[PDB]
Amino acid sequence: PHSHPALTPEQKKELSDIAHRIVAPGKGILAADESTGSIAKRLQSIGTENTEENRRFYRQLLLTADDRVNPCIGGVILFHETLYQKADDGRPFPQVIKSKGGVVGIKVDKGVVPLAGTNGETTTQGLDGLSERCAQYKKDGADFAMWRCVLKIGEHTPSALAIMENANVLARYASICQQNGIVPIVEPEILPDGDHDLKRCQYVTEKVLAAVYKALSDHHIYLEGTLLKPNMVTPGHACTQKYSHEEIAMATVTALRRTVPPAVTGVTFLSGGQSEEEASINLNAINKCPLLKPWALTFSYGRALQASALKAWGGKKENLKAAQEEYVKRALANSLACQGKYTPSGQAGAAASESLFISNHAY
């Protein structure tokens, strides 16, 4: 019943300013924070050996695309390794990102771990020494962070324990971040896995998000200095019943309106396995949904921004331009999508139409 200010007005300002810059109108987030074990699978789909140099090269390819992506990218999330790598000109990647008007982000969680007594459910670890890590990342160029919690829809999931524990750990993570001048992006991802329908996903998403913001309140989190990275509300990947984009957008915006306080600066949707085109189209429909939306609705895509790029590159240093071009095309589409001004034409081959779904995704 007594207030013990977690942050000073100056601290709040810095966080709010950072959060707003990332989701500035027309802008979204490039998520290239895949771990070595997670990116390896992608490099493998193109016969490219998962080496530190190939990873460096691939990341450089995305971070150094032409200036057309500048207005489209508000932030770029990187994995620890990449944050300390340098482009061919010797410029540290964080400096490369900043020079293009983007805010630098860092993934800080240490992956998921099983919750004993549950049916295959997990929570996420990574709080140990997080404060010191954030202080150092901040000094090295990062202004926001990423932490992923994973929930699954099933006959007995997500369970009461899974929802409570994951909401709590996200709150702890957000608290530590804000104490170090870092904007935490809260990611409580509900996997698309399963044959449940649209209304089922909407129900679970509303329950999960209510638990998340209650936890953030109990932990004294400054919402204006945070961002939310939720799954869009969609039917399960194996659901028979089909839905239009307008329906997906309606269920998504409705779930958010019922749980996300206006104070939250912005919502950066994860692609979650959708194709590059599907992610852009759904994001566009969301921004066009008639209902009132008090927060920026944009993107934080990993797979949905790199599909065509990875294929065009193929691990060949000579396919640089071609690869970068595919990325730029998806960044422009999503930049329009988060403004509701996107309308597919006919370009972007089958690559941008292929399902990027991966059962129990981990990165």
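Position 1 is the first residue in the sequence shown; the rest follow in order.
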item	value
Mean C-alpha B-factor comparison - 354-362 and 1-9, higher one	354-362
Between 104-112 and 280-288 (mean CA B-factor, as deposited), the higher	280-288
Selection from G315, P294, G26, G302 [criterion: highest C-alpha temperature factor in the record]	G315
Among modelled residues of the same chain, the CA temperature factor third for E132	middle
Third of the chain, ranked by Cα B-factor, where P71 sits	highest
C239 by Cα B-factor - lowest, middle or highest third of the modelled chain	highest
Third of the chain's Cα B-factor distribution that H80 belongs to, per the entry	middle
Ranked against its chain, the third holding the CA B-factor of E187	lowest
